[PDB]
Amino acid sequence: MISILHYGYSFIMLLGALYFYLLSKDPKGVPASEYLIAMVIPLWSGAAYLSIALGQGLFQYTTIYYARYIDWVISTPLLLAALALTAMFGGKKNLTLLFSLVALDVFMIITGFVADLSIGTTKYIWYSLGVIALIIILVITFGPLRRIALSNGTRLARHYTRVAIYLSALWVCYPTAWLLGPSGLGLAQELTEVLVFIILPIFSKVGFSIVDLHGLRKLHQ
């Protein structure tokens, strides 16, 4: 079941990528960079998840689905880049703030991987550092980044706020599932966690970009 679920995930990522490619061909005032980011996220995630489907992206240590971290260490900084470019749509870019989010995010995913490789108190030290990174990401998202979105007009700010809540709601689920699952307290079953880390990312990756791109395109007319 776990293999088939991952094949399914990868096929959905492939379909998402193709949809974003088709949209890119009639861009409606949205820059090519946004479409490129939208395509890389699912294609890379699809590849990583394909490795799990093929029985490669995991080892016994509990099962570590290490391919998930290879996925997220690329896909999640690109998602924050997407979020940051949305806030900045129609205005001056702040690449300093954007790379601040990328740095926090890459650190967050790494602490997760290290936490998964750790045992006892050490595991939760790393996990806790990852959660602290996420909180700071959310502080930036609803603080200075949102203020940039507001500086770019009511219609853009409305859209940014929607995508900001969408992203934030999904992202807090990841460390919650991690803590509950085999990598953490072990209250939730492996199969339950596998389904969560199949369904969440479909919404976090393809869902997010459908909502993000459609909203930005709608600002054209």
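Don't overthink the numbering: it's just position in the shown sequence, from 1.
K.L.:
Gap size between residue 61 and residue 62, counting deposited residues with no coordinates: none, 1 to 3, 4 to 9, or 10 or more?
P.N.:
The entry has 1 to 3 unmodelled residues between residue 61 and residue 62.
K.L.:
May I ask you to compare 139 to 147 and 114 to 122 by their mean CA B factor in the entry and name the higher one?
P.N.:
Higher mean C-alpha B-factor: 114 to 122.
K.L.:
On mean C-alpha B-factor from the PDB entry, just flag whether 172 to 180 or 51 to 59 is the higher one.
P.N.:
Of 51 to 59 and 172 to 180, the stretch with the higher C-alpha B-factor average is 51 to 59.
K.L.:
With respect to the C-alpha temperature factors reported in the PDB entry, which of 157, 70, 43, 165 ranks highest?
P.N.:
That would be 157.
K.L.:
Going by the entry, which third of its chain does the Cα temperature factor of residue 185 land in?
P.N.:
Middle third, going by the recorded CA B-factors of the chain.
K.L.:
Please rank the C-alpha B-factors of the chain's modelled residues and tell me whether residue 32 sits in the lowest, middle or highest third.
P.N.:
Residue 32: CA B-factor falls in the middle third of its chain.
K.L.:
Based on the entry's values, in what third of the chain does the Cα temperature factor of residue 208 lie: lowest, middle or highest?
P.N.:
Answer is lowest: the recorded C-alpha B-factor places it there.
K.L.:
What third of the chain, by the recorded C-alpha B-factor, contains residue 23?
P.N.:
Residue 23: CA B-factor falls in the middle third of its chain.
K.L.:
Test of reading the entry: by CA B factor among the chain's modelled residues, which third contains residue 202?
P.N.:
Lowest third of the chain for residue 202's C-alpha B-factor.
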